[PDB]
4 protein chains.
Amino acid sequence: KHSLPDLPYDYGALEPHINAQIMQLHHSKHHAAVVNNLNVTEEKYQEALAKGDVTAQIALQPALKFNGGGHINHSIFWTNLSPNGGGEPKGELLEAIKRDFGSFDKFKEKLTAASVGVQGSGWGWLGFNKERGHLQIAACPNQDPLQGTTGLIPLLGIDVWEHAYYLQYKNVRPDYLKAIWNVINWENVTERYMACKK
Amino acid sequence: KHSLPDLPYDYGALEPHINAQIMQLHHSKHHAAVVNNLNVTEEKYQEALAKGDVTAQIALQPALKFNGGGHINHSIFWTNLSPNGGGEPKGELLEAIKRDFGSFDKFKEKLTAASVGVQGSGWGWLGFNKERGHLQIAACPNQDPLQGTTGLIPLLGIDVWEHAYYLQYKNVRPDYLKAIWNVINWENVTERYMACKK
Amino acid sequence: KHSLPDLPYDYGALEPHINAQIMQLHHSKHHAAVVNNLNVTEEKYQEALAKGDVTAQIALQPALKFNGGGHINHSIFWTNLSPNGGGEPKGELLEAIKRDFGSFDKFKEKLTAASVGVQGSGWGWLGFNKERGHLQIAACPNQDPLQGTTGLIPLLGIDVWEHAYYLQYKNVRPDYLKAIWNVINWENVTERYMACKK
Amino acid sequence: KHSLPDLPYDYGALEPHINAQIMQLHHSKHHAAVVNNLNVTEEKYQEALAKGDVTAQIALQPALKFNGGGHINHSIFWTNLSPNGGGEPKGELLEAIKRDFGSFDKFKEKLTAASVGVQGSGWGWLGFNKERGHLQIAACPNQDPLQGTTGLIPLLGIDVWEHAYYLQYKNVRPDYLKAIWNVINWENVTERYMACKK
Ligand SMILES: [Mn+2]
Ligand SMILES: [Mn+2]
Ligand SMILES: [Mn+2]
Ligand SMILES: [Mn+2]
């Protein structure tokens, strides 16, 4: 039974980069909805499966991908942010960043590019390619989860749906991106990165 | 040279159904951006074409579909609304509505369904099937235009991107839908509908 | 636990419209393969679902739709064909055809057009729109099944994947489409049709 | 105005890895067809663009990408093959292979895997990531070209559409992939490779 994870901080802990109103609606409304819908969809799939109803299984994929993906994306996104966030990582993550992207600064510009590049709803990601053994940036549409659809392990995700910023930054997505860098929780991103090492 | 069409009314003419802030940002920012980008993209395509650069032509499709589609969608959307809007059409359109959807009320619920059904950004449409000679509802993702991607002629479009309602209705899209019915300009929809008759 | 259905006739029963080599390969190799792959995929989804592993469920979707859809489509396909087949349908189904598409030949041209129109691999279909309560033609990419992806009820399907005709017709898909009309099993198409109204 | 390029060798030059019947059909029928359809599509887009008809431009995109891509892919394909071909590449390209994929055999398994993995019609590719400055493998659906859709530079392409192997290998795509390694023209792949660094 999937459940809505508690935010690691208060709804206003990211001010002024991401105001409390956005944070509150994001946890309590958008993420809450998809968890419940994910559960409803899963139950349905369990029944369709048991009866060998392939057609039902297919018709249910969009809702499962969207609600399941949404739950995955927000669970990770919350952890990716912090009131102590900002700055740059150190050690291996930072070393990998320069290695695969030239410099941390170039990296920000690239991930910022993929994120602003999303036409419509979506997410920009810094993920790890286990097969290639290196970092990689990818953009995913709507709620399609990174690992489930590309195989890359999610490290840093920048939610770019308009409910992630419109109330505060309106149609100017670049300002949202520039701002979010101030709250990135690199300790978590580093943790995730190291979990790929082992 | 494509240009930003003037709204048929003032930015606050749709209050309280669609507030002036949304209207202003929608005309002046979202629609304005895509017209300019559409022009830039077209120029590029003219050059790619002239040189027989097929790869360039392909790489340019997303921007052309999105910006071109966006311009088409908003040009129509503005005309689809009015301060006198609301109610129901009469004559042939209304007759076709009952004919193809049972009743006007059933129709609203169906178009409302496709519109709320959009997972991510998109549009809900009431269009005309020239080949079948009847009305039809369709949902299109992001800025993909109705006629250009389905062949159906656009009659009524309900923009469902979050910039069409988030500031006022937040994450509750149904309230936005329920509200928009009050400003639908049926005279225009009827006009468009009749242009399919001839 | 899904199984490969025996054909309703001899492998060379559809000669000379579809030769025995094709029929045999198509049944014993192509359909058999998706049957097995489906059973494998479903088993995996069963474990994923039981573990609450949403990522895995998402990753399995392409295979489930492809193999699951492959199984649905080919099963229907075999029943839509007959060595005694051909000609035209009669009664209600035939009435619907005249009404929905004008005439049998107009319907034929439309189904043929949709089938020849498939770019890459796919299927052309004659379906039933329960909502609108009428006939509707559609094309599906790869093995995406009609109902699971469009909500339409499959009545008649035409496989336009190259393995469905290449050995006998090579690149000339049109020659294949013309020939297949001779072995259509309207008795079966009719059954599926009458089962829609109930 | 696009034209069909003569093959660099005799239709039966790749025997017995790819037989003469396939080569001839593939060149004179399949590639020829996309060449013509491309010229037709481009001419239409030329008129659409000149008239500012965005809807028409949008409608033409699927055909432009399919035919345009078809032309790009097959042109590259012919040069990637040689009757004297086979073996392994040497020097930088070979060095990159060992580095990017471990070894030649690891690279082979990966390209083969991507090619066999294509569900429906498509191509497996060995490309060059100019941004990351390294080799990268990818698969493209139908005729979607490598660069125009992924930004990667095509070095080696493997057509896994059924018309590329069915007459000779039937459903056994793996047998096709193994055989094709014998006629790869590394001299050409190398040229494309060295042209990337410049
Ligand atoms: Mn979100
Ligand atoms: Mn809009
Ligand atoms: Mn088949
Ligand atoms: Mn080919």
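Atoms within each ligand, like the ligands themselves, are counted from 1 in listed order. So that the names make sense, note that chain A is the first sequence line, chain B the second, and so on, each numbered from 1.
Aromatic ring centres of B/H26 and B/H74: separated by under 6.0 Å. Centroid-to-centroid, the aromatic rings of A/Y9 and A/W78 stay 6.0 Å apart or farther.
Here A/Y166 pairs with B/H30 under the ring pair (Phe, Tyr, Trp, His ring centres under 6.0 Å) rule; sequence neighbours left out. Legend: residues meeting side-chain hydrogen bond (donor to acceptor under 3.5 Å, both in side chains) with D/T149, ordered by chain and number and at least two apart, are absent.
Residue pairs meeting the salt bridge (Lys or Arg N to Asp or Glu O under 4.0 Å) criterion with at least one member in residues 17-32 of chain B: none, sequence neighbours excluded.
For the pair A/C140 and A/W125, the tightest heavy-atom approach, listed with the atom from each and the gap, is SG-CD1, 3.9 Å.
With a cut-off of 2.8 Å, the protein N/O/S atoms near the Mn ion (ligand 1) add up to 4.
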